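In what follows, a single structure is set out as structure tokens and then discussed.
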Amino acid sequence: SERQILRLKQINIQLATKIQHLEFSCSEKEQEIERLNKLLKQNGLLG
Amino acid sequence: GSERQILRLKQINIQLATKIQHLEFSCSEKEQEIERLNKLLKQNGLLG
């Protein structure tokens, strides 16, 4: 049963890193949406 | 002992896997929001 310890530790390190990469991806998409929203507003198309 | 250490590792694992599934869902929703915004720009002559 103990062999699970290393397996879980290593998976959790991989997942903790993947969260940081998806956080950045998500933030980069947010900034693009803001940019697009502003563009639409400047051109009278965001209400 | 090791049993309790394992249970905790599994709980951390599920917390992390859930946050990944959330961020993958969020990223997909954001790409769809960007598609929709780009299409509105295209229709109003702002994308060539």
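Here's how to read the names in the structure tokens: chain A, B, ... by the order shown, residue numbers from 1 in each chain, ligand numbers from 1 in the order shown.
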Within 10 Å of residue 16 (chain B) using only C-alpha atoms, minus same-chain residues under 6 positions, as an MDAnalysis selection string: (chainID A and resid 11:19) or (chainID B and resid 10 22)
Could you dump the residues just selected with C-alpha atoms as a short mmCIF file (atom, residue, chain, number, x, y, z; two decimals), in the first residue's frame?
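Below you can see again32.cif, which holds the result:
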```cif
data_model
loop_
_atom_site.label_atom_id
_atom_site.label_comp_id
_atom_site.auth_asym_id
_atom_site.auth_seq_id
_atom_site.Cartn_x
_atom_site.Cartn_y
_atom_site.Cartn_z
CA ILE A 11 1.24 13.39 -9.48
CA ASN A 12 0.40 16.25 -7.07
CA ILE A 13 3.60 18.11 -8.03
CA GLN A 14 2.64 17.73 -11.71
CA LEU A 15 -0.89 18.95 -11.04
CA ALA A 16 0.32 21.91 -8.95
CA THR A 17 2.49 23.03 -11.90
CA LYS A 18 -0.34 22.52 -14.45
CA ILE A 19 -2.57 24.80 -12.28
CA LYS B 10 -5.47 11.69 -1.97
CA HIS B 22 -12.31 24.20 -13.30
#
```
Distance-based interface of chain A with chain B, 8 Å, counting only C-alpha atoms, as a list in words: residues 2, 4, 5, 8, 9, 11, 12, 15, 16, 18, 19, 22, 23, 25, 26, 29, 30, 32, 33, 36, 37 and 40 of chain A
Pairwise distance for CA of residue 18 (chain B) and CA of residue 35 (chain A), rounded to one decimal in Å: 29.2 Å
CA of residue 27 (chain A) to CA of residue 47 (chain A), distance in Å rounded to a single decimal: 24.8 Å
